[PDB]
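First the structure, in the form of C-alpha cells, and then the observations on it.
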Amino acid sequence: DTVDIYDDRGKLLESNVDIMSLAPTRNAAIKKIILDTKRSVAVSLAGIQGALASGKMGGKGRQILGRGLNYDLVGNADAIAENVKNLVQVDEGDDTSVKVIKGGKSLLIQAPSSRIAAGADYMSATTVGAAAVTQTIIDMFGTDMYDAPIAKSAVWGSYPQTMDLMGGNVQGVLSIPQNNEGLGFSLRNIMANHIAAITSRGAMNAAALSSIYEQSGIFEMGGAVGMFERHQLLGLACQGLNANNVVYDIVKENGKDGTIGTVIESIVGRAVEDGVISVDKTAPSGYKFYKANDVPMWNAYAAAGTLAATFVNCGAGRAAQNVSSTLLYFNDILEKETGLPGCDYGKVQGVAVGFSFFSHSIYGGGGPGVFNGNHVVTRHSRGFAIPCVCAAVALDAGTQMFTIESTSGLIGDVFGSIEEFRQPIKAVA
Amino acid sequence: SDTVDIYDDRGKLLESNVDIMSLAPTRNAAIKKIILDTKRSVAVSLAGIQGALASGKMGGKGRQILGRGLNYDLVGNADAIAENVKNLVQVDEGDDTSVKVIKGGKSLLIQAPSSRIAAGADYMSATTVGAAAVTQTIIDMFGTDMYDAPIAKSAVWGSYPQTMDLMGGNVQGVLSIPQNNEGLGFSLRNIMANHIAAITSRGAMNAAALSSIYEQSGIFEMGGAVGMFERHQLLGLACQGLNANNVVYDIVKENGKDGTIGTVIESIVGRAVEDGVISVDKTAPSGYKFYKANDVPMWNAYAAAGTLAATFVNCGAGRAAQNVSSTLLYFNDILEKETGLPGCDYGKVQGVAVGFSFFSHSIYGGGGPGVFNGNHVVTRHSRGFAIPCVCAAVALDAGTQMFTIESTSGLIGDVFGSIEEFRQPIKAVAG
Amino acid sequence: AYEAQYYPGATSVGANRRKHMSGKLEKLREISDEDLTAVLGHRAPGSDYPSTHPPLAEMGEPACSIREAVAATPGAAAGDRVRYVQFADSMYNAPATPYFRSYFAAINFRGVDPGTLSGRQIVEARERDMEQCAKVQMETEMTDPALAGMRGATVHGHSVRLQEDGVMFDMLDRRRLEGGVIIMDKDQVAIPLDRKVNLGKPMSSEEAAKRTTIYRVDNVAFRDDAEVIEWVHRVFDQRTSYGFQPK
Amino acid sequence: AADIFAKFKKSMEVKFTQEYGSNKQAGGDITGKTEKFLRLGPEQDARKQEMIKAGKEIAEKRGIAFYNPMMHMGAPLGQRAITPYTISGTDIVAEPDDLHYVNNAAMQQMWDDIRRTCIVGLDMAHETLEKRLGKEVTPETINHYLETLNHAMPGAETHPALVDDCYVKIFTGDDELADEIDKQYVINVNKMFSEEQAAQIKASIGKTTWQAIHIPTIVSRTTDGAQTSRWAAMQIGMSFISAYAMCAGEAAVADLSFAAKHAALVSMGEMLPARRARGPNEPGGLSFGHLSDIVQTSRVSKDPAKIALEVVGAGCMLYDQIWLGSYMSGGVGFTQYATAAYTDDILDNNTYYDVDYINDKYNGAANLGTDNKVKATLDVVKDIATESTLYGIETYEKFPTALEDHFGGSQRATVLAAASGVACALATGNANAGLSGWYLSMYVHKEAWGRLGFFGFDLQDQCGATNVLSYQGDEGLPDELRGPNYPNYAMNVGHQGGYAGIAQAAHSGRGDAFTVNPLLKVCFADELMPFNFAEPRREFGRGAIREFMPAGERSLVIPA
Amino acid sequence: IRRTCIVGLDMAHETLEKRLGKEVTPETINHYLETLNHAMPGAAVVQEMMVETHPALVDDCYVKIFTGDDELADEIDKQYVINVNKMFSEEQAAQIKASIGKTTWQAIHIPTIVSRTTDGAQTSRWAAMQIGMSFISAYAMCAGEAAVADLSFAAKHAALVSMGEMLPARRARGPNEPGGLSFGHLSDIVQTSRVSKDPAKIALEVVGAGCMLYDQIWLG
Amino acid sequence: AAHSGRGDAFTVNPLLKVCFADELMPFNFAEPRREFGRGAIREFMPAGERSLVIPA
Ligand code: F43
Ligand SMILES: C[C@@H](OP(=O)(O)O)[C@H](NC(=O)CCCCCCS)C(=O)O
Ligand SMILES: O=S(=O)(O)CCS
C-alpha cells in the first residue's frame, strides 16, 4: 500500500510513501505535532489583567467585589514572558519557548518535553504554565501575602473547586483528561473551531490536522491492531492527506457546477476504473450490484469521496451548516447507487445522521464548530467524519453564530504561529 | 545549589554531593524510566480469560452470560498466545515491546513500546492495545464464529465501553483510567502501598524511597514544584525518601533497641540545632526556647526525615502497619510543641495523618494502610511527605493485616521486582 | 463518463424513485415567483433579498484552495440568509417521500442542506438557491398539492388517514380545495398571505398511485420486489461482515 | 398469532372506532383509509380540560403566566381526535396524559425502586469476623444481626412512619444456611424459582450469601442515586458494630468495616463520562442485562415472547421516558416514543407472528429449550428479520389506524425492529443475533417506506449493523452487557427499551433463570416491593388510573 | 437551589437577529416570555397530539427576566421581570447593574417533582429544551434549523449559569449537586445581604444555611 | 461576611443574587434559619407533592 501525498494546492509533496510509514506511532512529524499539542499552552494576559482589575474571575458571571488588583500585565508582558520562561524551563537552553503573541495581550508557553516524559499525560503543561504565571505575577507586582488567592484565581479560575480551570485564563488545545468519553479519547477532544482557527481557515489544512488528531486518538484507543492498522491508514492517507490528489482532483472537476450526485459519480467512476470494485451481479431491471475487491481500499475511497463532497457542497453554499447533510447523503446515495456500504460501513453515515440532528434541533450540540472527536454525537466514526466537519467550518463565510473567533480566539491567535500546524500536510510529508 | 549525598538502604554511601536539582522527576533518568515502565506495563490474566470464556463469568461483579460458553485452552497455548500478542502490539520488529508468560501461563505480561506512549496523550494506549491484541489473538487462533466474537471480546474488555473502564476485564495496569484521577497531575500517583511493598520485597527503606519517587513525580506533574517550591520538594524528597546524608538511617540506628517517638524528636531536633537549620529566636521566662528556622525548606526536609524515622521506629517496634496514622500525627505535633516551629509540610502531613487515622481506625475503615495512595480524597493533601511512611509501615508489618501483601500484589511484585529500578529505587535514583 | 443508475427495482415505484433521484420530472403546474416568495414567507414578495453578512466580493475571502476551486453559489456571493423550504408528504400514495426528496435536492442542487425526517423534509440554503429548489419541487409532479405541501411547523399529517376530499391533513390549514384547485393562503409557517395562491388541480388517486415512490401492498407490494430486498440484504451482509472484519 | 392479532384488532376498535371523552370518534372502519378531522381543540379530552382549568387557576393564584393552550402556535392541541391508549396484554384503557412519567406514580416508583436498591456481599465480612476477630458467626448471630440491620437501616433518627419502605433481606446459594435463618429476612431461591432455574442460580452464585438493601425512598428522592451505597454502607457498619458486640475505635475492626461496607458491593449502574456525568445507580449505567434481571417476568412465566415483550415495555419506559426523556432532555417528555412498545399490541402481534413463523420453519426453534435453537448465521437473521419487517409493514399498510396510531415514524420503526430482533434472538438464542435482526428490520423499513424516523433515530441504526459483531474496543459487547452508556446508544430514543427485550429474549427462549446477573434476579425476586416487577406493563396502567400508591411521600411531615 | 438555573437572552437574541434577520422588540419579548412560561412547566407549543405535564404537579415552575438595561426592564411586562432597583437598595442595585451590564437574563425554575425524580443535572437540559421550543413558537421560525441548534447550544452552555459545577470522577455524583455549589454561590443564594444591613447577621444566616445544606445533605 | 461588612450587593455572583430575589419561592431565602424552624414545626408546605395522582 503506497500512496502519494498532495498539498492543498494540488502539488506533489512526496512520491511512493508507504502507508505504514505514515502511522501515528511511526511518523516523526505526527509525533511532533502530538508532542506540541501536549506541551504548548496559551495564556490570556489581557484576560488576567481584566480579572485582576475588575475581580471578574472564577467562571461565568463570577466577580469578587472589593479585591481588585491593578497590575499592568499587558504593558510589562515581555518581562512576564522572561520570568515565566525562567520558572517553567527545567534546564537552561532546553525546548522551553515562551513567545508574546499579538502585542502583549497573550502568551505562548511551550513547556519542555522533559515535563511530558516525566509525567503521565499532558496536564503538566497547563498546571506548570498557570503556576509560572501566578508566581511571576506575585513576584514582579509585589502582591501582599493576603492577596495571593486573588492573583492565583485570576489564572486558575475555580480549580480545584472545579475539575477544570473554569473561569481561568490559561488553556490548551486539549481539554482535561477527565472529560474523555473513553480510553484514549483525549487526542480526539479538540473542537472544530480550534482546528479551523489553527490553520487560519484552510480547508484541506483543517481537514488534514483534524484527521491527524483523530487517527492519533484512535491508534491510542486500540483501534489499529492487525488489519485495522492498514484499514485506518488507508482512510487517513486517502481522505486527510490527499492521497494521489484524488480529493483535489474531484474538487476541481466538480467545483464550478458540481453537486453531491456528481461527486458520487466521480468516486464510483474512479473506483471502477482503478478496480477497487467490480460488477458482481446484474439484476433483471439492469441494476448492477457491485462487490468490493479491496474492502479497506473501498472504505478509503468512500472517505475521500465524503471529504470531497463536503468541500463541494459547503463551498458552493459557503455555509458550514451543510457538512452534516453532505456526510449523510454522500454515503447514503453511494450505497443506493453502487450496492456497497458507505464510508466506515454506515458509521460515518450514522455519525452524519446524529450530527445533522443535533445541529438542527432543540436537543443540544450546536453549530458544526462545537463538535469534536470526543463529542458523544460524533465519537463513532473511526476518524473519517470529524475531518469533514473541521474542513466545513474552515470553509464557512460568516454564516455561523458561534464563529471561530467567539469560541477559539485565543487558540487561533496563539497556535496559528506554529508552522507544523498551519501546514499539517507538508509536516506529515 | 543545595547538594546532599545519598546513603543506600544498608547505610553505605551511594554518591557524593548529588545536586538536588539533578534529583527531580523531570531530570533523573532512573525516575523517568520508572515512570515509563509504569505507563507501558500491563498484565493479562490468561487463566481468568479462559475461565470467563468457559463459564460466562465476565463483565463485572456477579455477571454471568448463560448458554454462550466457549472452551479454549488459553493456558495450554500460552506461549503461542504471547508470541502472537507480541506480534500484534509491536510497531516495529525489534522495538522495546516484550511479552513474557508469567507463572506457568496463568497470566501474561505485555509492555507496549515507547512509541505507543509518545504518540498518545496518556498511558491508556498500553492497556487498550494489549487488550485488543489479546482479543484479536483469541479470535484468530481459536476459530470464533463472528456471532461469538462479542463473547471473546468481553472476556477481555469486561463490560467496556458500557462502563468507563474494563470492569471485569482481565487486562489491568497499575494506574487507573484518566477519568478516575483526583485532579490535574494526580494520575502518576495511585499505586497503593501494598504494590510498593511487594515490589521492594518489603524492604521498608526501599519501599519508602519508591513511594516517595511516585509521590514527588505526581507533585511535579501537578505544578506544585516551580522554582522555590521545586527546591522545597527536592529537599524534602532527598532528605526523607532517599535517605540523604544517612540522616534517617542514623536516627533509626540511634533509637534501635529502646526508642519511642519522643526520642526520635529529640534526636532530630538535636541534629537540626547542630546543623544550624534552626536557632533560638527567643527565650520565654520559663526557660522555653522558641526556635526560628534559618532555612524553612531545609527545616521541612528535616521534619519529613524525622517523620519517616519515627514511622520506622514505631512500626518496627510493634511490627504493625497501623502505627503510621498515629506516628505521622503525633510525631509532628510533639515536634511543634517541642521546638515552637511547624511540623512537616507545615501541618499538611499531620492533617493527612489524621486522615489515615480516621479512615483506617474507625467504623469507616476503608481498609488498612495497604490501600493508601496519593490519588485518594483522604490522602491527596500532603505534598508527597506522608505516603512514603505508609509504604514503609506496610513493608514493616509482621502479618497482622487481613490482606497479605502477596495475596493482593503477587503479580505486580513479579512484574516489577524483576526490574532493577523497582527493587532498588535508591541506587538507580543515585545513578 | 460513469452513467448513474440511481436505484434497484423494476416496479413503477422504482421507476418513480429513479425519476425523483435523477430529477427527470414532468411539469404539472405554474407558480408565480411572487406567489412562491409569498408562500415561503422569508421576505416581502418582490423585495430585495436580505443579507446575513456582506457579499463575498465586498469583504474578501481567506486563502483557501477549496474556496478558489469551488464556485460560490449565486445566493452566497450576495450573502443571503440561509432560509428553508419544508414539505410534508402523505404515506397514502403521495408522489414523493422524504429520502427521495432529499436525493432530488442533493443530486440536483448545489450548496443545499437537505434534512430528512419521517413526517417532514426540510431543505436549507441561501435564499435564491432555496427559491430555485422550491420552484422545481412545486412546479413538478414531485409535489401533489393534495398529498404534499410547504409546512415550516406542525408537520403532523404525513401518516394520518387522508380526508374524503383527497388532501392530506393540515393542523394549521395552510391550503385546501377551492373550486377544484388547491388554493394556498398562508406562508409555510401559518402566517397568512394577503393573496390566494392557486396551485392547480390535484391529481386523481389512480394517478398518484401510478406515480408514487412509496411501496404499499395496495399499489406495489414491497414484499414482491425481490431486487430491492436483495439490495437491502447485500448491503446489510457486507455491513455486518466488515464490521466483524474488513476483508 | 391469531389470538394476539385479534386483541390488536380489538385495541384498534376501542381506540379509533369507539369514542373517548368527547372526541366523537364513534363509528368507523379500522381498515379504512379516510377520516374527517373535527378540530374540537384540547377541550375534547376532558382530562385536558382538567389541566387547562388547573393551569388557569394557578395563573391567577401565583401571578405569572403558567399554562395557556392558546400559546400553542396556530391552533390549540387536538385538531384531530384524542384517542386513548391500551396497555399491551391488558385491558386498562389509559389516556395519553396519564402515561407521562410525571403524571404516573407507578412509573416514578419503578425508577425509585431500582435507584434505592443495593446488594452487598456478605461472605467476606463473616470470614473476617471468624478469622481475625474470633467472634464466630452462627445462624442465630446472623438472625440477630439482620434484625439489627433491618430497622437501623431505616435510620435509628429517620421518622418511624416516613421510612416504612426501608428494609433489608438476604439470599444465599448455601441451601443449608438459608434453612435456619428467620424467613422474614430471607429470599429463598428454592421456592421463588423452579427447580432448574434455582439450580442455575445456585450454580452461578455458588455458596455465597448476599444482602438486598433498600434505603428509604424519600432519601433517594432528596439526594441522588449515589447516596444509596453510602447509606447502605453506614447502616451495615452500624449493624455489624451493634450486633456482634464489637468496640468502635480499635484498628482491627476497621478491616471488618471495610469488608462489610464496600468490598463486595454490587451497584445497579456505574459512572458515566463527562457530558452525561452521573454516578452509580442512574439509568445511564444500568446495563441491558441488569434491566432484564430486575424484571421478574422470567421467574414467573414460561412464555419466552411474553417475557421479552414485558422487558421491552419496562425498558422503553425507563430508558426513554425517564432517562432520555427527563435526565438528558427534559421538556414535555418522550412518553409517546415509549408507549409504542407497550401499548396497543402492535409489537405483541408482530412478535407472536414471528414466533409462529420461526416454529413453523425451524421446527419450533422459538419454543423453550436450549438444543432446538438454530445456530446464529446471516441467513437465519436475514430470513427472520425480513419476514418480520415485511409483515409489520403489511400490517401498517393494511390497517390505516395502526399507522395513524404510531403517527411518527420513530414509533413504527421501533416496533418493527423490536419485533424482528426479539424474534431473531428467540430463534437463535443469541442476543447479538437479535441486534442484527433489529438493524436489518430498520433497513427494510427505510427502503420500503422512504422514511425511517426522526432526524437522528438512524444514528445507532446506521452504526447498528456493523458494530453488532465487532470485537474492537469501543465497539462490541454482548448485548446483555450493553446499556445507555454504550457509545452508540447514549443519546437516542426508541431503541434502548427494545434492546433490553432483545437480550432477555436470547435467554428467555432458553428457559434461563437470569440474563446477566443472578444477584439481581434474586434481589428483586421479592413480592414485598411497592412495585411489581413480575409484570411492569400492568404497573404503568395501574399508575395511569390513579390506583398506585408509591413510597417517599412526605404527607406526614407536611401541613394538611 | 437544585431546580434553579440562569440562561442569558442576549446571545440567543444575537442569533435570531443575525441568522433569521428578526427584530427583537419588547412586545416580541412579552409574547416570548408568555410562551416560555407556558412551555417551561412541560407543555407543547409547536406540534400536536402529545401529553403535557399536569399543571397541578408542576405549578412551582416559572421563568423571569432580570436585566441591567433599565429601559428594557421598563417596557417589559412587569410580571416576568425581577426589578433590580425595586428589590435592591440603590447602592447594591448600582453595583449589580455595573457588574452585569446592559444584558438580560432568565431565571428558570423547573418543577420540583422533575428535580426530585431526577438529579441536579436535570435543570439545564429541561430549561434549554423549553427555551428552544419557546423561541420556535414565539418567533415564527422553523421547527428544525441551524438557528434552533445555536439557541440550544447557547442555553445549554454558552450562556448558562449553573448553581454548581460537575464533580470529579472519584466523587460519584454530578452537576448542580451540593458538592459543586461553591461558597460564593451559597452566599449569593441566601438573600439576607439584600434584606438587612447587619454585617454579622448576614454571615450568621449564611453559616446557618450552609451548615444544613452541606453537612446534613451533601455529607449525610 | 467578607463582603457583608462591606455592604456589597453580592459575594461572587450577581446573577445568583438577583435570580433568588423572587418571592414566589416556597422557601424564604431571606431568613433561611427561620425557614428551618418553620419546617421543624410542621408548618412548611413544600412543592412536588403527588397527591393528585396518588390514591386517597
Ligand atoms: C421542534 C421539533 C424539532 C425538535 O428538536 N423537537 C421537535 C419538538 C419537540 C417537543 C415538542 C413539544 C412542544 O411543542 O414544545 C418535544 C416534546 C420535546 C420536549 N421539549 O419535551 C418533542 N419534540 Ni418532536 N416529538 C415527537 C415526534 C416527532 C415527529 C413527529 C412526526 C409527525 O408526523 O408528527 C417529528 C420528527 C419526525 O418526522 O419523526 C418531530 C419533530 C419535532 N420535534 C419538531 C416539531 C415538528 C413540527 O413542527 O410539527 N417530533 C414523534 O415522532 C412522535 C412523538 C413526539 C414526541 C412527544 C412524545 O412522544 O412524548 C415529541 C418530542
Ligand atoms: C448531545 C449532548 O448535548 P450537549 O452536547 O450537552 O449540547 C447531550 N444530549 C443528550 O445526549 C441527548 C438528549 C436528547 C435526546 C433526544 C432524542 S435523540 C447532553 O445533554 O449533554
Ligand atoms: O425533529 S427532530 O427529528 O430533529 C426531533 C424529534 S423528537
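By convention in this document, the chains of the C-alpha cells carry letters A, B, ... by their order, each chain's residues are numbered from 1, and ligands are numbered from 1 in the order they are shown.
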
Proximity of chain E to ligand 3: per-residue shortest pair, 10 Å limit, only C-alpha atoms and all ligand atoms, as CSV:
```
residue,atom,partner,partner_atom_place_in_ligand_line,distance
E:143,CA,ligand 3,1 (O),6.9
E:144,CA,ligand 3,1 (O),5.9
E:145,CA,ligand 3,4 (O),8.9
```

Report task. Would you list the residues that come within 6 Å of ligand 1? Count only C-alpha atoms and all ligand atoms and give the answer as a PyMOL selection string. Result -> (chain A and resi 361-363) or (chain C and resi 117-120+153-158) or (chain D and resi 330-337+407-410+453-454) or (chain E and resi 44-47+50+129-130+133+143-144)

Can you write out the residues you just picked, keeping C-alpha atoms, as an mmCIF file, in the first residue's frame?
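The resulting file, part_16.cif, is reproduced below:
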```
data_model
loop_
_atom_site.group_PDB
_atom_site.id
_atom_site.type_symbol
_atom_site.label_atom_id
_atom_site.label_comp_id
_atom_site.auth_asym_id
_atom_site.auth_seq_id
_atom_site.Cartn_x
_atom_site.Cartn_y
_atom_site.Cartn_z
ATOM 1 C CA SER A 361 -32.881 20.604 16.649
ATOM 2 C CA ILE A 362 -33.530 21.737 20.217
ATOM 3 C CA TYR A 363 -31.653 18.875 21.875
ATOM 4 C CA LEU C 117 -37.377 13.008 8.782
ATOM 5 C CA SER C 118 -40.377 10.709 8.786
ATOM 6 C CA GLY C 119 -43.026 13.432 8.815
ATOM 7 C CA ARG C 120 -41.233 16.358 7.195
ATOM 8 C CA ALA C 153 -44.045 23.838 11.668
ATOM 9 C CA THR C 154 -46.746 21.462 12.895
ATOM 10 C CA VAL C 155 -45.970 18.977 10.138
ATOM 11 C CA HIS C 156 -48.328 16.382 11.613
ATOM 12 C CA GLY C 157 -50.364 14.667 8.922
ATOM 13 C CA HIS C 158 -47.946 12.668 6.805
ATOM 14 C CA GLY D 330 -36.392 17.148 29.921
ATOM 15 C CA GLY D 331 -39.250 19.163 28.497
ATOM 16 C CA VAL D 332 -42.712 17.887 27.611
ATOM 17 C CA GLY D 333 -41.344 14.356 27.574
ATOM 18 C CA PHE D 334 -40.926 11.305 25.360
ATOM 19 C CA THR D 335 -43.970 9.357 26.524
ATOM 20 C CA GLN D 336 -45.156 8.556 23.003
ATOM 21 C CA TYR D 337 -41.826 7.270 21.742
ATOM 22 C CA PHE D 407 -48.051 8.593 13.582
ATOM 23 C CA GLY D 408 -44.384 9.460 13.975
ATOM 24 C CA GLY D 409 -42.115 7.181 12.014
ATOM 25 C CA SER D 410 -39.898 6.537 15.022
ATOM 26 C CA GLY D 453 -37.671 8.103 11.832
ATOM 27 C CA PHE D 454 -36.863 11.446 13.482
ATOM 28 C CA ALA E 44 -46.237 21.718 23.967
ATOM 29 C CA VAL E 45 -46.207 24.829 21.800
ATOM 30 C CA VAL E 46 -45.436 23.602 18.285
ATOM 31 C CA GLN E 47 -46.811 20.217 17.244
ATOM 32 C CA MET E 50 -48.910 14.866 22.727
ATOM 33 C CA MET E 129 -35.265 22.390 25.683
ATOM 34 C CA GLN E 130 -38.171 24.563 26.766
ATOM 35 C CA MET E 133 -39.190 25.398 21.922
ATOM 36 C CA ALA E 143 -39.121 23.618 13.925
ATOM 37 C CA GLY E 144 -35.750 22.284 12.837
#
```

Only residues of chain D matter here; which ones have an atom within 10 Å of chain A, counting only C-alpha atoms? Give them as a PDB file with C-alpha atoms, in the first residue's frame.
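That gives us iface31.pdb:
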```pdb
ATOM      1  CA  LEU D 272     -20.789   7.977  33.138  1.00  0.00           C
ATOM      2  CA  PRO D 273     -18.415  10.194  31.151  1.00  0.00           C
ATOM      3  CA  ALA D 274     -18.377  13.989  31.336  1.00  0.00           C
ATOM      4  CA  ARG D 275     -21.192  15.140  29.076  1.00  0.00           C
ATOM      5  CA  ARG D 276     -23.585  12.986  30.949  1.00  0.00           C
ATOM      6  CA  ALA D 277     -21.761  12.900  34.168  1.00  0.00           C
ATOM      7  CA  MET D 328     -30.676  14.025  29.187  1.00  0.00           C
ATOM      8  CA  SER D 329     -33.540  16.029  27.674  1.00  0.00           C
ATOM      9  CA  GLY D 330     -36.392  17.148  29.921  1.00  0.00           C
ATOM     10  CA  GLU D 447     -36.090   1.150   1.934  1.00  0.00           C
ATOM     11  CA  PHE D 454     -36.863  11.446  13.482  1.00  0.00           C
ATOM     12  CA  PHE D 455     -33.759  13.328  12.301  1.00  0.00           C
ATOM     13  CA  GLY D 456     -31.357  11.258  14.419  1.00  0.00           C
ATOM     14  CA  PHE D 457     -33.038   7.899  15.020  1.00  0.00           C
ATOM     15  CA  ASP D 458     -30.882   6.310  12.396  1.00  0.00           C
ATOM     16  CA  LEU D 459     -27.589   7.093  14.173  1.00  0.00           C
ATOM     17  CA  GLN D 460     -27.323   3.867  16.144  1.00  0.00           C
ATOM     18  CA  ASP D 461     -29.136   2.043  13.331  1.00  0.00           C
ATOM     19  CA  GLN D 462     -26.655   3.035  10.642  1.00  0.00           C
ATOM     20  CA  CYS D 463     -23.959   2.255  13.157  1.00  0.00           C
ATOM     21  CA  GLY D 464     -26.084  -0.642  14.200  1.00  0.00           C
ATOM     22  CA  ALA D 465     -25.360  -3.398  11.723  1.00  0.00           C
ATOM     23  CA  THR D 466     -21.583  -3.063  11.592  1.00  0.00           C
ATOM     24  CA  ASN D 467     -20.972  -2.853  15.348  1.00  0.00           C
ATOM     25  CA  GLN D 472     -12.892  -3.727  18.631  1.00  0.00           C
ATOM     26  CA  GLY D 473     -12.530  -1.828  21.820  1.00  0.00           C
ATOM     27  CA  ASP D 474     -15.354   0.627  21.962  1.00  0.00           C
ATOM     28  CA  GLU D 475     -17.449  -1.277  19.576  1.00  0.00           C
ATOM     29  CA  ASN D 485     -23.767   4.460  28.245  1.00  0.00           C
ATOM     30  CA  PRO D 487     -21.271   4.863  22.689  1.00  0.00           C
ATOM     31  CA  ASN D 488     -23.951   4.416  20.020  1.00  0.00           C
ATOM     32  CA  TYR D 489     -26.887   4.199  22.419  1.00  0.00           C
ATOM     33  CA  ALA D 490     -26.033   7.133  24.670  1.00  0.00           C
ATOM     34  CA  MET D 491     -28.297   9.793  23.213  1.00  0.00           C
ATOM     35  CA  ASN D 492     -31.198   8.420  21.134  1.00  0.00           C
TER      36      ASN D 492
END
```

Requested in this report: Tell me, in Å to one decimal, how far atom CA of residue 6 of chain D is from atom CA of residue 342 of chain D.
Outcome: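 Atom CA of residue 6 of chain D sits 16.7 Å away from atom CA of residue 342 of chain D.
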
Query - Interface, chain D side, toward chain B (7 Å; only C-alpha atoms) as an MDAnalysis selection string - result: chainID D and resid 237 248:251 254:255 257:258 266 270:273 376 469:474 476:478 481:483 485:487 515:519

**Report entry** Residue contacts of residue 90 of chain A (10 Å, only C-alpha atoms) excluding same-chain residues fewer than 3 positions away, as a PyMOL selection string
**Finding:** (chain A and resi 85-87+93-96+111-115) or (chain B and resi 21+24+26-27+226-227)

Could the residues in this selection be written to a file with C-alpha atoms, as a compact mmCIF listing (two decimals), in the first residue's frame?
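Generated file (part-v4.txt):
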```
# COMPACT_ATOMS: atom_id res chain seq x y z
CA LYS A 85 10.19 31.05 30.85
CA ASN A 86 12.64 31.11 33.76
CA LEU A 87 10.14 29.35 36.01
CA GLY A 93 18.55 26.02 26.85
CA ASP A 94 16.01 23.21 26.52
CA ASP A 95 12.94 23.16 24.26
CA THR A 96 11.12 25.61 26.55
CA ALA A 111 6.82 23.58 28.42
CA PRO A 112 9.86 21.38 27.84
CA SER A 113 9.30 17.86 26.59
CA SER A 114 11.03 16.56 29.73
CA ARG A 115 7.97 17.60 31.74
CA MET B 21 18.25 19.69 41.20
CA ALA B 24 13.85 15.73 40.47
CA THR B 26 11.92 15.82 35.35
CA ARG B 27 15.71 15.30 35.31
CA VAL B 226 8.22 25.54 40.32
CA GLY B 227 11.25 27.50 41.49
```

Query raised in the report: Taking only C-alpha atoms into account, what are the residues of chain E at most 10 Å from chain A, put as a ChimeraX atom specification?
Result: /E:11-12,14-16,18-19,95,99-100,125-126,128-133,136,142-162,164-169,179-185

Requested in this report: May I have the residues within 9 Å of segment 409-423 of chain A as number ranges by chain, using only C-alpha atoms and disregarding those fewer than 4 positions away in the same chain?
Outcome: A: 7, 29, 32-33, 40-44, 100-102, 106-108, 171-173, 193-200, 202, 205-206, 208-209, 404-405, 427-428

Query raised in the report: Any idea what's packed within 10 Å of segment 175-177 of chain A, counting only C-alpha atoms, ignoring anything in its chain fewer than 6 positions away? Could you give it as a list in words?
Result: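 Surrounding residues, per the criterion: residues 121, 122, 123, 126, 163, 164, 165, 183, 184, 185, 186, 187, 188, 189, 190 and 191 of chain A; 121, 122, 177, 178, 179, 180, 181, 183, 184, 185 and 187 of chain B.
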
Report task. Extract, using only C-alpha atoms, all DNA, RNA and protein residues at most 12 Å from residue 13 of chain A, discarding same-chain residues fewer than 4 positions from it, and format them as a ChimeraX atom specification. Result -> /A:3-9,17,241-245,423-429

Report task. Residues of chain A no more than 6 Å from chain C, counting only C-alpha atoms: send them over as an MDAnalysis selection string. Result -> chainID A and resid 202 252 255:256 259:261 269 285 287 295 313:317 322 325 336:337 340:341 345

Extract, using only C-alpha atoms, all DNA, RNA and protein residues at most 9 Å from residue 171 of chain E, discarding same-chain residues fewer than 5 positions from it, and format them as an mmCIF file with N, CA, C and O atoms, in the first residue's frame.
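part39.cif, freshly written:
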```cif
data_model
loop_
_atom_site.group_PDB
_atom_site.id
_atom_site.type_symbol
_atom_site.label_atom_id
_atom_site.label_comp_id
_atom_site.auth_asym_id
_atom_site.auth_seq_id
_atom_site.Cartn_x
_atom_site.Cartn_y
_atom_site.Cartn_z
ATOM 1 N N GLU B 182 -7.907 12.171 40.973
ATOM 2 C CA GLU B 182 -8.461 13.165 41.886
ATOM 3 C C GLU B 182 -8.343 14.573 41.325
ATOM 4 O O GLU B 182 -9.134 15.449 41.684
ATOM 5 N N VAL B 377 -9.052 10.823 47.922
ATOM 6 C CA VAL B 377 -9.603 12.026 48.535
ATOM 7 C C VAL B 377 -9.040 12.227 49.929
ATOM 8 O O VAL B 377 -8.885 13.365 50.386
ATOM 9 N N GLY D 279 -23.330 9.498 38.697
ATOM 10 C CA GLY D 279 -22.662 8.464 39.453
ATOM 11 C C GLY D 279 -23.385 7.151 39.375
ATOM 12 O O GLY D 279 -24.212 6.951 38.499
ATOM 13 N N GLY E 179 -22.125 19.516 46.104
ATOM 14 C CA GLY E 179 -20.680 19.496 46.109
ATOM 15 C C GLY E 179 -20.081 20.437 45.091
ATOM 16 O O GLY E 179 -18.908 20.803 45.187
#
```

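Computed from the coordinates, the atom CA of residue 70 of chain A to atom CA of residue 134 of chain A distance equals 14.8 Å.
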
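Across B:11, B:173, B:374, B:218, the tightest approach to chain A is made by B:218 when counting only C-alpha atoms.
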
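If you measure from each of E:138, E:65, E:202, E:121 to ligand 2 using only C-alpha atoms and all ligand atoms, the closest one turns out to be E:121.
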